[PDB]
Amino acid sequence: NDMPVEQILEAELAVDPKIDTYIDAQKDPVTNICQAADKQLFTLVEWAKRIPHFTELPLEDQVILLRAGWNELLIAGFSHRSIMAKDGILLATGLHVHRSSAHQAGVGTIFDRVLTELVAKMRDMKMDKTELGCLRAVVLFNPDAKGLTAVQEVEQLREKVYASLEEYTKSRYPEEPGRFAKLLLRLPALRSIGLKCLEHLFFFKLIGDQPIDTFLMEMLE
């Protein structure tokens, strides 16, 4: 062993948001989702600090992993939370963003990808918190990330994570020989949706670099 699924479960549990009801927003969904993200970034670190062995990597690598992994880590997180919604995603700030807001705000198409390729599939197979924590750990232990020193160390940690996951999976779900594959095969979609989000975010960051000039602002009111 040495990479126990129980502590991984602990790490997830320790970062669930303490969560009331979930009111809509329809008003500036993109903003709300970016605030939730900023907020969750703090808790993402704490989560990582609680994944076994993570903090015994060099400091330098711990930062590379998290700079390389966060967006996929946060997408996986809100996706798994959002399983109980129908066509919406549930943010950590306790807001619910409806598919219809997302199209109105211009991100309909990447949003739909999150619902179809992540949320719906997490829901159809009833992915549990242990499988989700493992998947996130695998992502956190990305031995391809640039500039790593302890390459081989991350490689060994990721190998650990998936061996325990396969183990957990074979034993908690022995009616499903394909389950382990099916879980790993969600990571390509995650990778992909992750990249598309970052494009979005880079574009909003350059927009915000420079206000609209004043007559143009006036024509828009």
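A residue's number is simply how far along the shown sequence it sits, counting from 1.
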Comparing average C-alpha B factors as deposited, tell me which of 24 to 32 and 192 to 200 sits higher. 24 to 32
Take the C-alpha B-factors listed in the entry for 65 to 73 and for 167 to 175, compute each mean, and give the stretch with the larger one. 167 to 175
Of the three thirds of Cα B-factor ranks in this chain, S82 occupies the lowest
Of the three thirds of the chain ranked by Cα temperature factor, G147 occupies the highest
Lowest, middle or highest third: where is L59 by Cα B-factor in its chain? highest
Would you check the entry's CA temperature factor for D124 and let me know if it's in the chain's lowest, middle or highest third? highest
Temperature factor at the Cα of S100, chain-ranked in thirds, falls in the lowest
